[PDB]
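A.B. asks: Please find one structure pasted underneath; my questions will follow.
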Amino acid sequence: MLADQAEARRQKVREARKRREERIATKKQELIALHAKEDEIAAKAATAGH
Amino acid sequence: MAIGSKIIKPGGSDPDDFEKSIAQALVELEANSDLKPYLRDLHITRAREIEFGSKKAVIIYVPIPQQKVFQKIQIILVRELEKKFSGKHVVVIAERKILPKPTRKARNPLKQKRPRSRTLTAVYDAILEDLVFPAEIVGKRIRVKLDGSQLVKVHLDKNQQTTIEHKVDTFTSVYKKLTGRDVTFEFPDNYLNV
Amino acid sequence: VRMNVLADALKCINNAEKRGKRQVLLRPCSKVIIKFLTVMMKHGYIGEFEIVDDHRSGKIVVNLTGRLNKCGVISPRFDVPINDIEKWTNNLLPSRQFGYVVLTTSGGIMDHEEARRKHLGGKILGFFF
Amino acid sequence: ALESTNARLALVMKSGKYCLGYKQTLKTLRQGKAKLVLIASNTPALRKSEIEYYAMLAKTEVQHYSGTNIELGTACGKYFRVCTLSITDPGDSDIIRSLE
Amino acid sequence: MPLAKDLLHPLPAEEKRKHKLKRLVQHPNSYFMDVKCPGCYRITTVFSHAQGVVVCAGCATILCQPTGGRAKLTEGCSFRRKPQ
Amino acid sequence: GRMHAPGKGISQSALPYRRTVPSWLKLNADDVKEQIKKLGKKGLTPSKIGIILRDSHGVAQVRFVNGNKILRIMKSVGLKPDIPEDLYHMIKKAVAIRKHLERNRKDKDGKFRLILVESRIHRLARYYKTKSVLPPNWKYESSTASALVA
Amino acid sequence: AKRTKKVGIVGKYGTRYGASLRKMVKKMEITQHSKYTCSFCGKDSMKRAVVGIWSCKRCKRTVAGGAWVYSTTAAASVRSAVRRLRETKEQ
Amino acid sequence: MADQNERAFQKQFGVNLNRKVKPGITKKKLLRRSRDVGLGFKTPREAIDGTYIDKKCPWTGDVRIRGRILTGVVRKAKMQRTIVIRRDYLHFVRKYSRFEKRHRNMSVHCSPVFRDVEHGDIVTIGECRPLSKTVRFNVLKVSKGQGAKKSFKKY
RNA sequence: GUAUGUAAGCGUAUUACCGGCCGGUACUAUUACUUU
């Protein structure tokens, strides 16, 4: 019982670590992708031309 | 989008002028877009200026997970800052807070009553470590004077010391006001393997 | 191994000055040694000391004027209840005028002269004349 | 000389897969699961030669043990007197193609 | 002299003569190299006191065989005595 | 020291001063971390990982590239062996030489040295019980030891 | 209990037949009744049936041996010696 | 423990719970008043919740724990409602100009309010009304009982 | 002109009130030692 309840907290805290890391990982991909997108779309087409 | 002020400058102080100006400088660098993705996460909590007897050194304060990322680029960031912000030697420390083994009236360290790390001198050694980025102090030899004064010889490597060797003199002041103990610089001039 | 590190360094200093040699390599240099050595500086007994940062335990190079007859280290660090300060100074110091007995006191590693001014006794580290 | 197999058998136990003992070893010999068959020096005369012949027809390689049953079994780390082994899938081994 | 210092600035030639542990700040004589076996474009940074019987990337060719001070780098191998 | 013998002879690791370097090293902390997992799954002990990776790669020091030493990395991913590797090896040698003595009894030098190999295990294990990395009242006995190695 | 430190098995003979004789008995009565490793089954199931005959309980391979000991000291030397002369005559 | 099942019915002097005639009820089911150990010494809350009779307990008993406050280490937890502590200290003998490390081993009453009392616990003991020959003390605080790692339960 | 030893500042344990820096209150790692 003690080991099962001490699994219950740390496994959900490991889920919580994954939740923090998912939010950080999505906002890493998302913030760079949209920000990069605003700068880039007209300029990338021009570079290919050159 | 418009990363100016009130974005990269806080978490410390919502003003001032020095902080805001160097914030504008960073944004200029970001425009180059190879620079952009790496640089943007790097937040400045505060900036202070001090003077070594003519010219002022701009010390930067770093939140510390940012520090590892800051370190890799660092020399390119510093060089570009030096030309834009000229006459300033730009130096990086990361803001570490200074904790006590029992100060006072039968009294406490508490908050988190202190692993090895959470104290004084780990910070101090990090202060030498961040100010000198590419050389690294091969020996550090600390003089005590006859008229009860303590003075540190800090011995710089020689490799890529070229960016910090003019800044040797200013490092003395950067140390003196913030950390304190008076520092002098020694090399070994040439790479003599044992 | 080296149970008291203090004595090993200060013996090295004695042996060095017995040649006349102005320099010594000290191993493996403690905080207690650093505080012992700063205490020396004040009275001019030794010239400048320098602690090199090996990532191991710190070595020291000593520069020596040669003003020092001999430096001894007290272990066990006998509890001085302020009025044994007088007894200990008489025995091992050559004169009542001169020569410092060194303590680990509450407020720091200090000489018995300094300890008397603060009125803080201690445990005895050492003797320097 | 030898050394040799005490080091080898520990690796097979850890990574791979085992069947010990006449009934399972014969089953693995029949089924073709048995890449290697190891026979004790002790095994009652009949069963040395059976297990060789199941192996000969199978074309599987027989390793003849330098030691006892207790020696076989201590090598596998099992407290039991092993008089035959089949090594059925050893995952780190150069041991698959070996003859003592 | 028997007053004969200057170990704070310890003279070049002597330090070289002594040993790897007998320096003021005891610094490794254990360097780095990059090894090129010419059938392979691949550089793997191997040590002269090797610590590995070093297989290159796929090819189990050899590279070096240890002898208890400096590992003998074997035959037709070229190396740069530098951290790349 | 050398507590078993009179031997003064110290030969130990000279660590290069530069705590962050090497600068030439293209490879990420993730890259080195990944290889530590793979080799550890292959059954390599942290010592064997630490030497192999230096030569094959460049991994100058595992500690310098990724802030965590091999054993720490392995533990976080759960590859940690039940008894720390240094005990495992000592325990392997004690079993091996005990098995030798059952075969070749009357090796008076071997039995004497058999005591030294058990004596060091008990002392080294005593420290680990203090760390609580070994469950308190963990004991080295010969019966169990034989099984333990294999 | 380690009931008797000194006598072990020779406590059957208790007080009778003088201590020095009883020490000799202790070694021999240990070696007999003892389970030996059968070379032909690898199991330690060999026990003394009668004076010179040791039967392995399992495989039923019954081996001729020394009266108190499976292998008498003479025998080991004997068997190695003949074996070595065998090698030189053949090639 | 035991359901206070001894040959006698265990009752505290002066508390009989009065069902019949006196103004009704707000829950708790118990007329148990409990202590403030007060040399700033905080009560364990099991005193207030304690079914346990213990007349030799300051929490459930008519006893003062009177006098000398000493801190020591439990050497033996073996006894039902008492423990042994060894205290080890330096006594400086001027003559030998060094000490002797010297011990006093003293039995001290553990009220069964105090739970997970195990050797080696640091325990604050007070001299008590002298309770049964070698037991001349009672525990005022178990300052350890402890497990600086164990307070928050390991996975 | 020094000297800084003494005093006050500034950098996660001198923080927070009430009454006019003071003095309480709220206060806080165990010891051995040592101080009064």
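Following the order of the structure tokens, chains are lettered A, B, ..., residues in each are numbered from 1, and ligands are numbered from 1.
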Write out as a ChimeraX atom specification which residues come within 12 Å of range 68-70 of chain C when counting only C-alpha atoms (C1' of nucleotides), dropping same-chain ones fewer than 6 positions away.

C.D. replies: /C:10-18,20,22,40-41,43-47,92-94,99-100,126-129

A.B. asks: Store the residues picked out above in a file with N, CA, C and O atoms, as an mmCIF file, in the first residue's frame.

C.D. replies:
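Generated output (part.cif):
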data_model
loop_
_atom_site.group_PDB
_atom_site.id
_atom_site.type_symbol
_atom_site.label_atom_id
_atom_site.label_comp_id
_atom_site.auth_asym_id
_atom_site.auth_seq_id
_atom_site.Cartn_x
_atom_site.Cartn_y
_atom_site.Cartn_z
ATOM 1 N N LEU C 10 53.044 23.341 8.036
ATOM 2 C CA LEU C 10 53.805 24.246 8.871
ATOM 3 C C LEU C 10 55.131 23.632 9.233
ATOM 4 O O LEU C 10 56.065 24.373 9.540
ATOM 5 N N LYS C 11 55.233 22.298 9.205
ATOM 6 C CA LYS C 11 56.492 21.580 9.323
ATOM 7 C C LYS C 11 57.335 21.817 8.110
ATOM 8 O O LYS C 11 58.558 21.975 8.206
ATOM 9 N N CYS C 12 56.712 21.836 6.928
ATOM 10 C CA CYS C 12 57.343 22.075 5.640
ATOM 11 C C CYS C 12 58.000 23.413 5.608
ATOM 12 O O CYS C 12 59.096 23.548 5.086
ATOM 13 N N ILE C 13 57.297 24.408 6.268
ATOM 14 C CA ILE C 13 57.754 25.774 6.389
ATOM 15 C C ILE C 13 59.003 25.860 7.272
ATOM 16 O O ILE C 13 59.936 26.562 6.937
ATOM 17 N N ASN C 14 59.027 25.075 8.394
ATOM 18 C CA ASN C 14 60.128 25.040 9.298
ATOM 19 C C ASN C 14 61.320 24.490 8.642
ATOM 20 O O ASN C 14 62.384 25.116 8.755
ATOM 21 N N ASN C 15 61.173 23.348 7.898
ATOM 22 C CA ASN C 15 62.232 22.643 7.219
ATOM 23 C C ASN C 15 62.874 23.405 6.142
ATOM 24 O O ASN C 15 64.065 23.320 5.904
ATOM 25 N N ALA C 16 62.020 24.183 5.440
ATOM 26 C CA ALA C 16 62.391 25.140 4.404
ATOM 27 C C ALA C 16 63.238 26.267 4.931
ATOM 28 O O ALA C 16 64.207 26.557 4.263
ATOM 29 N N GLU C 17 62.883 26.857 6.059
ATOM 30 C CA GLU C 17 63.601 27.951 6.607
ATOM 31 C C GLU C 17 64.929 27.461 7.224
ATOM 32 O O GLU C 17 65.851 28.257 7.427
ATOM 33 N N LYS C 18 64.989 26.117 7.564
ATOM 34 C CA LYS C 18 66.190 25.444 8.056
ATOM 35 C C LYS C 18 67.238 25.322 7.000
ATOM 36 O O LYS C 18 68.409 25.469 7.391
ATOM 37 N N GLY C 20 67.071 27.691 4.668
ATOM 38 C CA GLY C 20 67.122 29.091 4.357
ATOM 39 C C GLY C 20 66.178 29.354 3.189
ATOM 40 O O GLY C 20 65.866 30.501 2.879
ATOM 41 N N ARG C 22 63.425 30.203 0.641
ATOM 42 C CA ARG C 22 62.356 31.082 0.571
ATOM 43 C C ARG C 22 61.046 30.510 0.046
ATOM 44 O O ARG C 22 60.053 31.217 0.016
ATOM 45 N N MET C 40 49.827 34.978 9.972
ATOM 46 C CA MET C 40 51.275 35.141 9.818
ATOM 47 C C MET C 40 51.620 36.470 9.164
ATOM 48 O O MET C 40 52.623 37.119 9.482
ATOM 49 N N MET C 41 50.825 36.843 8.148
ATOM 50 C CA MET C 41 51.081 37.953 7.224
ATOM 51 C C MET C 41 51.067 39.249 7.969
ATOM 52 O O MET C 41 51.845 40.137 7.680
ATOM 53 N N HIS C 43 51.761 39.996 11.033
ATOM 54 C CA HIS C 43 52.861 40.307 11.885
ATOM 55 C C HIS C 43 54.121 40.231 11.075
ATOM 56 O O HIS C 43 55.200 40.409 11.653
ATOM 57 N N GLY C 44 54.017 39.963 9.719
ATOM 58 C CA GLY C 44 55.141 40.083 8.817
ATOM 59 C C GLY C 44 56.080 38.856 8.809
ATOM 60 O O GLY C 44 57.054 38.845 8.069
ATOM 61 N N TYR C 45 55.748 37.828 9.634
ATOM 62 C CA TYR C 45 56.521 36.636 9.807
ATOM 63 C C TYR C 45 56.871 35.945 8.486
ATOM 64 O O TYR C 45 57.962 35.427 8.396
ATOM 65 N N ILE C 46 55.982 35.913 7.463
ATOM 66 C CA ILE C 46 56.154 35.289 6.168
ATOM 67 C C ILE C 46 55.830 36.324 5.084
ATOM 68 O O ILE C 46 55.176 37.309 5.357
ATOM 69 N N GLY C 47 56.335 36.170 3.847
ATOM 70 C CA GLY C 47 55.934 36.981 2.727
ATOM 71 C C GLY C 47 54.774 36.352 2.069
ATOM 72 O O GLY C 47 54.044 35.576 2.696
ATOM 73 N N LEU C 92 55.551 28.061 25.827
ATOM 74 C CA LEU C 92 56.130 27.711 24.533
ATOM 75 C C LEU C 92 56.553 28.988 23.851
ATOM 76 O O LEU C 92 57.320 28.941 22.888
ATOM 77 N N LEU C 93 56.134 30.182 24.324
ATOM 78 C CA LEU C 93 56.588 31.417 23.694
ATOM 79 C C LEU C 93 57.925 31.798 24.324
ATOM 80 O O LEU C 93 58.098 31.631 25.523
ATOM 81 N N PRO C 94 58.909 32.227 23.539
ATOM 82 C CA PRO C 94 60.200 32.651 24.030
ATOM 83 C C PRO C 94 60.135 33.908 24.906
ATOM 84 O O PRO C 94 61.054 34.061 25.740
ATOM 85 N N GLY C 99 55.818 37.002 20.033
ATOM 86 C CA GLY C 99 55.435 35.629 19.723
ATOM 87 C C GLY C 99 53.981 35.489 19.977
ATOM 88 O O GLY C 99 53.507 35.878 21.040
ATOM 89 N N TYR C 100 53.227 34.972 18.993
ATOM 90 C CA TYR C 100 51.786 34.912 19.088
ATOM 91 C C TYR C 100 51.438 33.476 19.229
ATOM 92 O O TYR C 100 52.018 32.674 18.531
ATOM 93 N N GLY C 126 47.747 26.687 17.455
ATOM 94 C CA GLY C 126 49.101 26.835 17.050
ATOM 95 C C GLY C 126 49.910 27.788 17.868
ATOM 96 O O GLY C 126 49.412 28.442 18.776
ATOM 97 N N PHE C 127 51.201 27.903 17.490
ATOM 98 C CA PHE C 127 52.239 28.714 18.106
ATOM 99 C C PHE C 127 53.080 29.192 16.930
ATOM 100 O O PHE C 127 53.417 28.369 16.071
ATOM 101 N N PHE C 128 53.430 30.493 16.867
ATOM 102 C CA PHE C 128 54.331 31.081 15.921
ATOM 103 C C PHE C 128 55.248 32.019 16.683
ATOM 104 O O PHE C 128 54.767 32.894 17.375
ATOM 105 N N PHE C 129 56.591 31.855 16.634
ATOM 106 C CA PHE C 129 57.523 32.855 17.110
ATOM 107 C C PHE C 129 58.587 33.145 16.052
ATOM 108 O O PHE C 129 59.186 32.094 15.580
#

A.B. asks: DSSP on the backbone: which residues in range 100-144 of chain F end up as alpha helix (DSSP H)? Give the answer as a PyMOL selection string.

C.D. replies: chain F and resi 100-103+108-131+142-144

A.B. asks: Any chance you can output those residues with N, CA, C and O atoms as a tab-separated table (two decimals), in the first residue's frame?

C.D. replies:
chain	number	residue	atom	x	y	z
F	100	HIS	N	38.08	-21.49	-7.04
F	100	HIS	CA	39.45	-21.93	-7.23
F	100	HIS	C	39.97	-22.65	-6.01
F	100	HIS	O	40.63	-23.64	-6.16
F	101	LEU	N	39.71	-22.14	-4.79
F	101	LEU	CA	40.20	-22.74	-3.55
F	101	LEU	C	39.53	-24.08	-3.25
F	101	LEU	O	40.16	-24.97	-2.70
F	102	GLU	N	38.23	-24.25	-3.63
F	102	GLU	CA	37.53	-25.53	-3.47
F	102	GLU	C	38.17	-26.59	-4.34
F	102	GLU	O	38.30	-27.76	-3.93
F	103	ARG	N	38.61	-26.18	-5.56
F	103	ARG	CA	39.33	-27.04	-6.46
F	103	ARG	C	40.73	-27.34	-6.02
F	103	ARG	O	41.16	-28.50	-6.06
F	108	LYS	N	47.76	-21.54	0.40
F	108	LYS	CA	47.84	-20.77	1.63
F	108	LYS	C	47.86	-19.28	1.34
F	108	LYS	O	47.31	-18.48	2.10
F	109	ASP	N	48.54	-18.87	0.25
F	109	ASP	CA	48.54	-17.52	-0.25
F	109	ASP	C	47.20	-17.15	-0.80
F	109	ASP	O	46.79	-16.02	-0.57
F	110	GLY	N	46.51	-18.08	-1.49
F	110	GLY	CA	45.18	-17.78	-2.05
F	110	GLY	C	44.11	-17.52	-1.00
F	110	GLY	O	43.28	-16.67	-1.25
F	111	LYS	N	44.12	-18.23	0.15
F	111	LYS	CA	43.12	-18.16	1.20
F	111	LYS	C	43.31	-16.90	1.95
F	111	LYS	O	42.34	-16.25	2.31
F	112	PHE	N	44.55	-16.48	2.14
F	112	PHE	CA	44.93	-15.29	2.86
F	112	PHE	C	44.41	-14.09	2.15
F	112	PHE	O	43.89	-13.19	2.76
F	113	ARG	N	44.55	-14.13	0.78
F	113	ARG	CA	44.12	-13.14	-0.17
F	113	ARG	C	42.62	-13.21	-0.39
F	113	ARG	O	42.01	-12.25	-0.82
F	114	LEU	N	41.99	-14.38	-0.09
F	114	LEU	CA	40.55	-14.61	-0.14
F	114	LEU	C	39.90	-13.76	0.94
F	114	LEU	O	38.86	-13.12	0.71
F	115	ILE	N	40.61	-13.68	2.12
F	115	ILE	CA	40.17	-12.86	3.22
F	115	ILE	C	40.23	-11.42	2.89
F	115	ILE	O	39.26	-10.72	3.19
F	116	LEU	N	41.30	-10.97	2.18
F	116	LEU	CA	41.45	-9.62	1.80
F	116	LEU	C	40.34	-9.17	0.87
F	116	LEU	O	39.85	-8.05	1.09
F	117	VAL	N	39.93	-10.03	-0.13
F	117	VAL	CA	38.90	-9.73	-1.09
F	117	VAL	C	37.50	-9.66	-0.47
F	117	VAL	O	36.68	-8.87	-0.88
F	118	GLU	N	37.18	-10.54	0.51
F	118	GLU	CA	35.94	-10.39	1.31
F	118	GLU	C	36.00	-9.19	2.23
F	118	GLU	O	35.01	-8.51	2.41
F	119	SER	N	37.17	-8.92	2.85
F	119	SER	CA	37.34	-7.87	3.84
F	119	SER	C	37.02	-6.50	3.25
F	119	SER	O	36.27	-5.73	3.90
F	120	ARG	N	37.51	-6.20	2.02
F	120	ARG	CA	37.28	-5.02	1.26
F	120	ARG	C	35.87	-4.86	0.80
F	120	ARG	O	35.37	-3.75	0.77
F	121	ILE	N	35.17	-5.99	0.51
F	121	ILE	CA	33.77	-5.93	0.12
F	121	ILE	C	32.92	-5.42	1.24
F	121	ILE	O	32.10	-4.54	1.04
F	122	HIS	N	33.12	-5.94	2.49
F	122	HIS	CA	32.38	-5.62	3.68
F	122	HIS	C	32.51	-4.18	4.05
F	122	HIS	O	31.52	-3.52	4.39
F	123	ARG	N	33.76	-3.67	3.97
F	123	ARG	CA	34.10	-2.27	4.23
F	123	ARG	C	33.53	-1.33	3.21
F	123	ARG	O	33.03	-0.25	3.56
F	124	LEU	N	33.66	-1.62	1.88
F	124	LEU	CA	33.17	-0.82	0.81
F	124	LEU	C	31.61	-0.77	0.76
F	124	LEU	O	31.03	0.28	0.53
F	125	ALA	N	30.94	-1.91	1.11
F	125	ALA	CA	29.54	-2.11	1.20
F	125	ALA	C	29.00	-1.32	2.38
F	125	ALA	O	27.84	-0.88	2.37
F	126	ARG	N	29.79	-1.17	3.46
F	126	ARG	CA	29.46	-0.49	4.71
F	126	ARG	C	29.19	0.98	4.54
F	126	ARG	O	28.29	1.59	5.16
F	127	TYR	N	29.98	1.57	3.61
F	127	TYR	CA	29.86	2.90	3.15
F	127	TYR	C	28.54	3.07	2.38
F	127	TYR	O	27.90	4.10	2.51
F	128	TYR	N	28.19	2.13	1.49
F	128	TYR	CA	27.05	2.24	0.65
F	128	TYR	C	25.77	2.06	1.42
F	128	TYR	O	24.78	2.66	1.03
F	129	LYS	N	25.75	1.28	2.53
F	129	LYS	CA	24.64	1.20	3.37
F	129	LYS	C	24.34	2.57	4.03
F	129	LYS	O	23.20	2.95	4.26
F	130	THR	N	25.42	3.36	4.36
F	130	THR	CA	25.34	4.73	4.85
F	130	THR	C	24.69	5.68	3.85
F	130	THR	O	23.90	6.57	4.22
F	131	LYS	N	24.95	5.44	2.52
F	131	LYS	CA	24.39	6.23	1.44
F	131	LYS	C	22.95	5.87	1.21
F	131	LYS	O	22.25	6.58	0.47
F	142	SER	N	29.01	-15.67	1.34
F	142	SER	CA	29.52	-16.45	0.27
F	142	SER	C	28.53	-17.24	-0.53
F	142	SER	O	28.68	-17.38	-1.76
F	143	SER	N	27.47	-17.82	0.10
F	143	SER	CA	26.46	-18.64	-0.52
F	143	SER	C	25.76	-17.90	-1.61
F	143	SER	O	25.57	-18.27	-2.76
F	144	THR	N	25.27	-16.70	-1.24
F	144	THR	CA	24.52	-15.82	-2.11
F	144	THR	C	25.44	-15.21	-3.13
F	144	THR	O	25.01	-14.89	-4.23

A.B. asks: Of the candidates G:42, G:8, G:18, G:52, which shows the shortest atom-to-atom distance to chain D, using only C-alpha atoms?

C.D. replies: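 Once distances to chain D are computed over only C-alpha atoms, the minimum belongs to G:42.
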
A.B. asks: Taking only C-alpha atoms into account, which of D:2, D:55, D:36, D:12 comes nearest residue 86 in chain D?

C.D. replies: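 With only C-alpha atoms as the atom set, the closest residue is D:36.
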
A.B. asks: So that I can see what lies close to range 26-29 of chain E, please list as a count of residues only the residues with an atom at most 12 Å from it, counting only C-alpha atoms (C1' of nucleotides) and leaving out residues fewer than 5 positions away in the same chain.

C.D. replies: 32

A.B. asks: What is the distance between CA of residue 48 in chain H and CA of residue 116 in chain H, in Å to one decimal?

C.D. replies: 18.0 Å

A.B. asks: Using only C-alpha atoms (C1' of nucleotides), which protein or nucleic acid residues come within 8 Å of range 61-65 of chain H? Drop anything in the same chain fewer than 4 positions from it, and give the result as a PyMOL selection string.

C.D. replies: chain H and resi 12+53-57+126-129+137-138+140

A.B. asks: Restricting the output to N, CA, C and O atoms, write the selected residues as an mmCIF file, in the first residue's frame.

C.D. replies:
data_model
loop_
_atom_site.group_PDB
_atom_site.id
_atom_site.type_symbol
_atom_site.label_atom_id
_atom_site.label_comp_id
_atom_site.auth_asym_id
_atom_site.auth_seq_id
_atom_site.Cartn_x
_atom_site.Cartn_y
_atom_site.Cartn_z
ATOM 1 N N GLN H 12 -9.644 7.040 34.054
ATOM 2 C CA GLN H 12 -9.052 8.266 34.556
ATOM 3 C C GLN H 12 -9.939 8.813 35.679
ATOM 4 O O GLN H 12 -11.134 8.928 35.486
ATOM 5 N N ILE H 53 -5.437 4.826 28.229
ATOM 6 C CA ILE H 53 -5.593 5.258 29.598
ATOM 7 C C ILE H 53 -4.364 6.007 30.149
ATOM 8 O O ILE H 53 -4.551 7.069 30.719
ATOM 9 N N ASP H 54 -3.138 5.449 29.973
ATOM 10 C CA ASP H 54 -1.869 5.734 30.641
ATOM 11 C C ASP H 54 -1.856 6.763 31.746
ATOM 12 O O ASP H 54 -1.835 7.979 31.495
ATOM 13 N N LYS H 55 -1.971 6.316 33.052
ATOM 14 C CA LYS H 55 -2.026 7.223 34.148
ATOM 15 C C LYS H 55 -0.663 7.850 34.451
ATOM 16 O O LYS H 55 -0.577 8.886 35.126
ATOM 17 N N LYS H 56 0.409 7.300 33.879
ATOM 18 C CA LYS H 56 1.768 7.728 34.047
ATOM 19 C C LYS H 56 2.162 8.663 32.951
ATOM 20 O O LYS H 56 3.283 9.168 32.920
ATOM 21 N N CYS H 57 1.235 9.022 32.030
ATOM 22 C CA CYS H 57 1.372 9.906 30.862
ATOM 23 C C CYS H 57 1.070 11.338 31.380
ATOM 24 O O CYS H 57 0.143 11.479 32.210
ATOM 25 N N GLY H 126 11.992 15.206 30.107
ATOM 26 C CA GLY H 126 11.852 15.994 31.292
ATOM 27 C C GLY H 126 11.868 15.053 32.439
ATOM 28 O O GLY H 126 11.296 13.946 32.336
ATOM 29 N N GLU H 127 12.531 15.436 33.616
ATOM 30 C CA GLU H 127 12.441 14.647 34.840
ATOM 31 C C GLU H 127 11.010 14.555 35.242
ATOM 32 O O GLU H 127 10.288 15.538 35.172
ATOM 33 N N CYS H 128 10.523 13.358 35.687
ATOM 34 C CA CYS H 128 9.137 13.113 35.959
ATOM 35 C C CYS H 128 9.029 12.713 37.369
ATOM 36 O O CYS H 128 10.055 12.338 37.963
ATOM 37 N N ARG H 129 7.765 12.648 37.872
ATOM 38 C CA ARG H 129 7.422 12.123 39.192
ATOM 39 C C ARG H 129 7.825 10.673 39.174
ATOM 40 O O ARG H 129 7.397 9.961 38.267
ATOM 41 N N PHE H 137 11.970 9.640 34.495
ATOM 42 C CA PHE H 137 11.818 10.636 33.420
ATOM 43 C C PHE H 137 10.600 10.253 32.646
ATOM 44 O O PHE H 137 10.054 9.174 32.846
ATOM 45 N N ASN H 138 10.149 11.186 31.781
ATOM 46 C CA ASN H 138 9.089 11.000 30.819
ATOM 47 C C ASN H 138 9.449 11.906 29.660
ATOM 48 O O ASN H 138 10.040 12.963 29.855
ATOM 49 N N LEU H 140 8.907 14.525 26.873
ATOM 50 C CA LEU H 140 8.135 15.746 26.683
ATOM 51 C C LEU H 140 8.034 16.037 25.206
ATOM 52 O O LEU H 140 7.032 16.581 24.729
#
